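Engineer: Opening piece of the complex, as it sits:
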Amino acid sequence: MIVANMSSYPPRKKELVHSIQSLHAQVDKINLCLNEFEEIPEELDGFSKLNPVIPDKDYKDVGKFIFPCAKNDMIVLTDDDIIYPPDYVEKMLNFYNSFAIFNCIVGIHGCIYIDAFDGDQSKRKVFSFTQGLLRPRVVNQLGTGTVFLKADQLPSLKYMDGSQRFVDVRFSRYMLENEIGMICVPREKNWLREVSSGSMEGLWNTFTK
């Protein structure tokens, strides 16, 4: 099964609906951690695959890691305000299967953190989720809104709890710790988009920076 894991909270409801819409056709199931909701909103009633849960605490974006998997699931870790392309799962799965010559995970958003040395400051190269990337790269950090991995390779809630504030860092630390590789995959510019209603009287924006 292809399974998507997501978390939101109330003020993001408009963004969430569209993020789910973009995913629904192409995944087998969506786990949704509804942080700080009272009820499951009826805006979500259209989605047969959707599985919403009001958690016992505010996990924020650790929330995507609260859900159990099955042994053979492929997990798509998502964000609540990304418009995923029509061929997101097809493409990413083929990256994952082509690149599985050695035990690794694949992602869009990723960084190359470089430690300070000999007076040189600490450095970070970032390949963001909107940016294109011509050939694949080995990275040492991956954003949890654009990652594709086997249920086997996913860190549990026990591992990720408390990592609100640095979720990508705690995630990548688990990969580095279990020597699982990290691959940023190729994509044309603006393959993924971001939804938004901004400061200017909430104008809806399906193409955010």
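Structural biologist: It's in. Numbers count the residues shown, from 1 in each chain, chains lettered A, B, ... in the order given.

Engineer: Just give me the residue right at the centre of chain A.
Structural biologist: Centroid-nearest residue in chain A: residue A:145, 1.9 Å away (criterion: Cα atoms, centre = their mean).

Engineer: any idea how far that residue lies from residue A:169?
Structural biologist: Noted for residue A:145: a distance of 14 Å to residue A:169, by Cβ to Cβ, to the nearest Å. (C-beta placed from N, C-alpha, C; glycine too.)

Engineer: Apart from its chain neighbours, what residue comes closest to residue A:72?
Structural biologist: The shortest distance from residue A:72 to any residue other than its chain neighbours is 6.9 Å, reached at residue A:151 (Cβ to Cβ, 6 or more residues apart in numbering).

Engineer: just residue A:37 next, same as before
Structural biologist: That would be residue A:54: by Cβ to Cβ, 6+ apart, it lies 5.4 Å from residue A:37.

Engineer: picking up where we left off before, so the residue nearest to the centre of chain A makes contact with residue A:83?
Structural biologist: No. Assessed by Cβ atoms under 8 Å, residue A:145 is found out of contact with residue A:83, at 11.8 Å.

Engineer: picking that back up, run a quick neighbour tally on the residue nearest to residue A:37.
Structural biologist: As a burial measure, residue A:54 scores 13 neighbours (other Cβ atoms under 10 Å).

Engineer: again, but for residue A:187
Structural biologist: Here the count is done by other Cβ under 10 Å, and residue A:187 has 23 residues near it.

Engineer: so the residue nearest to residue A:37 makes contact with residue A:32?
Structural biologist: No. Using Cβ under 8 Å, residue A:54 is not in contact with residue A:32; the gap is 9.8 Å.

Engineer: Can you list the buried residues in stretch A:128-136?
Structural biologist: Under the neighbour-count criterion of 16 or more other Cβ atoms under 10 Å, stretch A:128-136 has A:129, A:130, A:131, A:133 buried.

Engineer: What are the boundaries of the helices in chain A?
Structural biologist: A:13-24, A:88-98, A:157-160, A:167-177 (DSSP state H).

Engineer: okay, those in TSV with mean neighbour count and distance to residue A:204 next?
Structural biologist: Formatted as TSV, the helices of chain A follow (neighbours: other Cβ atoms under 10 Å; distance: least, Cβ to Cβ, whole Å):
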stretch	mean neighbour count	distance to residue A:204
helix A:13-24	19	7
helix A:88-98	17	22
helix A:157-160	15	32
helix A:167-177	18	27
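
Engineer: Out of the ones you listed, the one nearest residue A:192 is which?
Structural biologist: helix A:88-98 (7.7 Å; Cβ to Cβ).

Engineer: Check the offset of the closest one from the chain's centre.
Structural biologist: Distance of helix A:88-98 from the chain centroid (Cα atoms, centre = their mean, to the nearest Å) equals 15 Å.

Engineer: Run through who's touching that helix.
Structural biologist: A:2, A:22-23, A:26-27, A:74, A:76, A:85, A:105-106, A:136, A:148-149, A:183, A:185-187, A:192 (Cβ atoms under 8 Å, 6 or more residues apart in numbering).

Engineer: Can you flag the buried ones in those residues?
Structural biologist: Buried members of these, scored by 16+ other Cβ under 10 Å, are A:2, A:22-23, A:26-27, A:74, A:76, A:85, A:105-106, A:148-149, A:183, A:185, A:187, A:192.

Engineer: Include this sequence as chain B:
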Amino acid sequence: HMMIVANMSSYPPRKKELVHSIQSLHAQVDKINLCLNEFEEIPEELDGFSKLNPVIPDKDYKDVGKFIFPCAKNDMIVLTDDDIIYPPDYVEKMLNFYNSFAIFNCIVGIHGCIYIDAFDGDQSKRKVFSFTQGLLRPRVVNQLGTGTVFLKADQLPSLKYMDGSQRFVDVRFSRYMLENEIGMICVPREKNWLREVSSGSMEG
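Structural biologist: One more piece, chain B, placed on the ones above:
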């Protein structure tokens, strides 16, 4: 005995196109198996076709759906996609190309890829022949799209073999052919010999 069977999968949003595609094959094949993923009942829009064997399956097989059907060993099989209008000479020309290349134990298709590995500091060069392109001379390829293939039943991979391959069907399918020593030929055709289906279209 030797029959031309067309194996197809579809799902509810594609009901309108499915009907257009099936028309384009009906006259040129002897039978059409059709795997109705995510349906609850067989749609009445499908009733007119006397050779259509529509089937709602035990689970959602997606692009693998077309591999559920057991076929008779001696039969010729035509793997198809719900969104292609196949020309009226499709089967007839594909059987010919098939016979030509049978001497090398091959199958034949329209969509296909040549992937070359990165080697000694060379680049991985991939070369697609899309299903609407023309092609003058036949070309040997290492992958074929499963919506535009013609082959013998005893070359068809099984449902056990193909399950798990969803959303990368063509790779699994093409590796079967490599493993069993079947060649894959991307056959010649004129420009726009096949085309994708439309919506609100006075074409034909």
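
Engineer: The buried residues of stretch A:128-136 with chain B there, same question as before?
Structural biologist: By 16 or more other Cβ atoms under 10 Å in any protein chain shown, the buried positions in stretch A:128-136 come out as A:129, A:130, A:131, A:133.

Engineer: again with stretch A:36-56
Structural biologist: For stretch A:36-56, a neighbour-count test (16+ other Cβ under 10 Å) marks A:37, A:44, A:47, A:50, A:52, A:53 as buried.

Engineer: which residues sit against stretch A:132-147?
Structural biologist: A:61, A:64, A:76-79, A:82, A:95, A:99, A:105-113, A:127, A:129, A:167-169, A:171-172, A:175-176, A:181-192 (Cβ atoms under 8 Å, 6 or more residues apart in numbering or on different chains).

Engineer: For that stretch, what is the distance to the chain centroid?
Structural biologist: The gap between where stretch A:132-147 is centred and where its chain is centred comes out at 11 Å by Cα atoms, centre = their mean.

Engineer: Then stretch A:108-115?
Structural biologist: Centre-to-centre, stretch A:108-115 and its host chain are 15 Å apart (Cα atoms, centre = their mean).

Engineer: Tell me which residue in chain A sits closest to chain B.
Structural biologist: Closest to chain B within chain A is residue A:90: 4.9 Å, counting by Cβ to the nearest Cβ.

Engineer: tell me the contacts of residue A:14?
Structural biologist: Per Cβ under 8 Å, 6+ apart, neighbours of residue A:14: A:195, A:197, A:204.

Engineer: Quick check: the gap between the first one and residue A:152.
Structural biologist: If I follow you right, that is residue A:195. 32 Å.

Engineer: neighbour-wise, which of these two wins?
Structural biologist: Set residue A:195 next to residue A:152 and count neighbours by other Cβ atoms under 10 Å in any protein chain shown: residue A:195 wins out with 22 against 12.

Engineer: Identify the spatial nearest neighbour of that one, chain neighbours not counted.
Structural biologist: Excluding the flanking residues, the one nearest residue A:195 by Cβ to Cβ, 6 or more residues apart in numbering or on different chains is residue A:15, at 4.6 Å.

Engineer: Spell out which residues of chain A are next to chain B.
Structural biologist: Proximity of chain A to chain B is confined to A:2, A:28, A:89, A:90, A:93, A:94, A:97 under the rule Cβ under 8 Å from any Cβ of the partner chain.

Engineer: Distance to residue A:141 for those - can I get that in a markdown table?
Structural biologist: Listed next are these as a markdown table, based on distance: Cβ to Cβ, whole Å:
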| residue | distance to residue A:141 |
| --- | --- |
| A:2 | 24 |
| A:28 | 28 |
| A:89 | 23 |
| A:90 | 25 |
| A:93 | 22 |
| A:94 | 23 |
| A:97 | 23 |
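
Engineer: for these, which one is nearest residue A:158?
Structural biologist: Among those, residue A:2 lies closest to residue A:158 (Cβ to Cβ), at 24.5 Å.

Engineer: can I assume the closest one is in contact with residue A:30?
Structural biologist: No. Assessed by Cβ under 8 Å, residue A:2 is found out of contact with residue A:30, at 10.1 Å.

Engineer: isn't residue A:58 right up against residue A:36?
Structural biologist: Yes. Shown here, residue A:58 and residue A:36 form a contact pair, counting by Cβ under 8 Å, at 5.6 Å.
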